[PDB]
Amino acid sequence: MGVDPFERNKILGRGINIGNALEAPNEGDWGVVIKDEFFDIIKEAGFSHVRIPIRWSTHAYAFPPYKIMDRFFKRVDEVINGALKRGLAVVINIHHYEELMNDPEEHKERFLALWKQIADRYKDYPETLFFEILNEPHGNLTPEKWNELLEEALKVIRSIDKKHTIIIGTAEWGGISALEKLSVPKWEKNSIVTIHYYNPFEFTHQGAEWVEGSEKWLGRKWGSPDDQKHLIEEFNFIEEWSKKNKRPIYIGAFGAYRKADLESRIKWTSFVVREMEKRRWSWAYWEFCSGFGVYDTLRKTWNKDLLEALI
């Protein structure tokens, strides 16, 4: 109740997203089931935390009180506790709630009821667990509507838990686009601001099946002095926003898809990491073992070069 967010940002440090798992409709549908040993592997390689994308919306009733289903809550307990056991900090969020993005009015009560339940569930867990409000707000959930939503969410959470650091993202899909429009209530002072970074989007997502028209970006490379300047400019913008609004920064997701040439990916990833570190930002790579992966779960081997870029 006198906790520091910048310190909590230090505790986050370097992390990795365990994606295409709990944020799919059912765990495993997208290729990944979170095994307990992943936490050993991740801690052993040097990471300080894991970010866990969770699709609470498909595992909660659609009518008041929007109760989260017992079996699912039990599964999330098990994942969080498995990470904590290895000494890893943990970031959990609400992920892929598409109905909310498309109709924020109709789904507002359900979304806040999810947080009421989650805060209640974990209010007494370690201070190394972080609550990330909503992954990539977008579409009809405009930057203005997001500022209202996030303040309601902080109110719901803080009425229950005044200990855990809350992580707040940006609208327009959570990148830099809407950063200037973000308003974090002056009254809330234990929050970290999160930005996802995938620019040049065409490079990072080239050939992504889930992005319309991405097959036209296939073959794009990255690495020129030109490229580097463009990125620093964008990070300085974040940094200056950060200094002005006095909020720590967490780059909760960043990565380049497997269809991008390997060397460009390694150059883009190592550069992004060094620049984030110079600005003393925490970060989480997207993602552990799937389409943007750095670890092969079958052979149990890392992509050395990519891991090194991360460290």
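Position 1 is the first residue in the sequence shown; the rest follow in order.
query: Got a sec? Mean C-alpha B-factor, which is higher, 238 to 246 or 251 to 259?
result: Per the PDB entry, the higher value belongs to 238 to 246.
task: Mind pulling up the entry and telling me whether 207 to 215 or 145 to 153 has the higher mean Cα temperature factor?
output: Between 145 to 153 and 207 to 215, it is 207 to 215 that shows the higher mean C-alpha B-factor.
- prompt: For the listed residues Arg110, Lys162, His95, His196, which one has the largest C-alpha B-factor as given in the deposited model?
  reply: Of the options given, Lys162 has the highest CA B-factor in the PDB entry.
query: Taking the Cα B-factors listed in the entry, which of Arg280, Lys267, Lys67, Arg51 comes out highest?
result: Of the candidates given, the C-alpha B-factor peaks at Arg280.
- prompt: Based on the entry's values, in what third of the chain does the Cα temperature factor of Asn20 lie: lowest, middle or highest?
  reply: Middle third.
message: Test of reading the entry: by CA B factor among the chain's modelled residues, which third contains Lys74?
response: Answer is middle: the recorded C-alpha B-factor places it there.
task: Pull the Cα B-factor of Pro185 out of the PDB entry and bin it into the chain's lowest, middle or highest third.
output: Tercile = highest for this residue's CA B-factor.
query: In terms of the chain's CA B-factor thirds, is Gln117 lowest, middle or highest?
result: Its C-alpha B-factor belongs to the lowest third of this chain's values.
task: Name the third of the chain's ranked CA B-factors that contains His138, choosing lowest, middle or highest.
output: According to the entry, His138 has a C-alpha B-factor in the chain's lowest third.
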